[PDB]
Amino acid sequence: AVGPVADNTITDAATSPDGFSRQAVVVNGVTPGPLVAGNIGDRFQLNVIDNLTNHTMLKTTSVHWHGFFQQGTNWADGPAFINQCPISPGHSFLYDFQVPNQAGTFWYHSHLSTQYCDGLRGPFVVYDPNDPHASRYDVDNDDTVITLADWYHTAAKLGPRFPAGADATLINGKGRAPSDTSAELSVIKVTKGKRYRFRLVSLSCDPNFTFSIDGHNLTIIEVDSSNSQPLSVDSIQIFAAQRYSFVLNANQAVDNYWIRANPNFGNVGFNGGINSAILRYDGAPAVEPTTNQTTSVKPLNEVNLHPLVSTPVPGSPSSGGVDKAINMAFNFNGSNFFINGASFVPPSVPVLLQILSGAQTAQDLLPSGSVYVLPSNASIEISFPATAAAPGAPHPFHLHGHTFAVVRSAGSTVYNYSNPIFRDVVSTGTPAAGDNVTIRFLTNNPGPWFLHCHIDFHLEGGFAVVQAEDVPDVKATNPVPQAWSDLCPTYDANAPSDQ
């Protein structure tokens, strides 16, 4: 919709996506924010204009472009105090980056504190004119993007540290809460006889969602920006920050069908049309579906997903057969999460700025014990053993700057070194199953890259580490614009009540 070159204006505004009015952070007047789009090869120049006025939801901001490698533009990645200081209120900041080697479904969100939960999140699509899946569908446009979100009546800083589920699930920005069971539902329109590439984007800040459409099956063709072989499913459990493209054939009777996105906790089920939207065939009356849900008999399993094209797994086909193996031991003490004994606290000098200032070893980099220095041009294996020591499972972990092979998925004891799916957000499963979700990637991208749980409340409690990749080359590889250099002095000159 907007972009590749566009202004994104950030403001606080009253919204009522479920009929309950509340102040939120909005992008060009709306939450979820508008669709940002371009084509593979494009240069994006997204001018983020911070016109925020509300300290409780943060007057400063920083935007992450989720799933993009940002090779040579690490300064544009978004995480506050990792890749930049926040943009200050009354200022604007230009994110200027290219997407030469990626296409698919992405999203964008605040990467400052828990601000994205308050509304600053939207979908982001990069189209491929030669899409290898093009023959599988007829329609792929603004109207085929489906966003899912958790929505809270109380602002992120004002409610419990770890909320017990959302008030409403939003599908394309609308949904029902208990407080109003007649609130307007989203309608997704289809013309009978056409095949649609639906790009399902989880903008969720906590809960995962089990997504299904009554009377319709789905063909998964994309997994977080990576093209997959066509997998036929009748439901999709989608974790916070994940994306899927699925093909829906609009081949059923002209009618209204329930679209369902059932959260893992909170207000579960569908009483009064909560957790729901409407699939309306052209010509069907403007009423609610009366369709019934059927048991999922072909649910998505991550182990069933494989890349469309042969994609080699980094390293060699054996446990720890990589250049560097890292294990992440989780802890939690009631308020903070710890990875290998360290709870992440953002440094005063952003990690990138520290590196540009000469800090190139784990010893010199802050915060102490949260930064992992990675050798260049190397295969890396990271395991995330599920433990009851860290409540809140299943934790979806996200690695910035990279896609990774999921060598072992949640619910599986298999190590797949041949043809596992590659993605950027992975469920780390549950301790009950003794899960030990393990990933692999190559260090082809100099810069500090965040690695964290994407449940934003957990990130906020410190559930994060930094992967500092090829530190001696970072400065040369990612030359920084004057505006970026100006962010920290400006931010540090703010009255704390204007932050």
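So that there is no doubt, residue numbering starts at 1 and follows the sequence shown.
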*Averaging only over Cα atoms, indicate whether 191-199 or 115-123 has the higher B-factor in the PDB entry.*
191-199
*Looking at the entry, does 280-288 or 152-160 show the higher mean C-alpha B-factor?*
280-288
*asked:* In terms of recorded Cα temperature factor, pick the maximum from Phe422, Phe397, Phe338, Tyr415.
replied: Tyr415
*Could you check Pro263, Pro178, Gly401, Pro86 and tell me which one carries the biggest Cα B-factor in the deposited entry?*
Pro178
*Within this chain's modelled residues, let me know which third the CA B factor of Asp224 belongs to: lowest, middle or highest.*
lowest
*asked:* Test of reading the entry: by CA B factor among the chain's modelled residues, which third contains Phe330?
replied: middle
*Split the chain's modelled residues into thirds by Cα B-factor; is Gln360 in the lowest, middle or highest one?*
middle
_Where does the C-alpha B-factor of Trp75 rank in its chain, lowest, middle or highest third?_
lowest
*Rank-wise, by C-alpha B-factor, drop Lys298 into the lowest, middle or highest third of its chain.*
middle
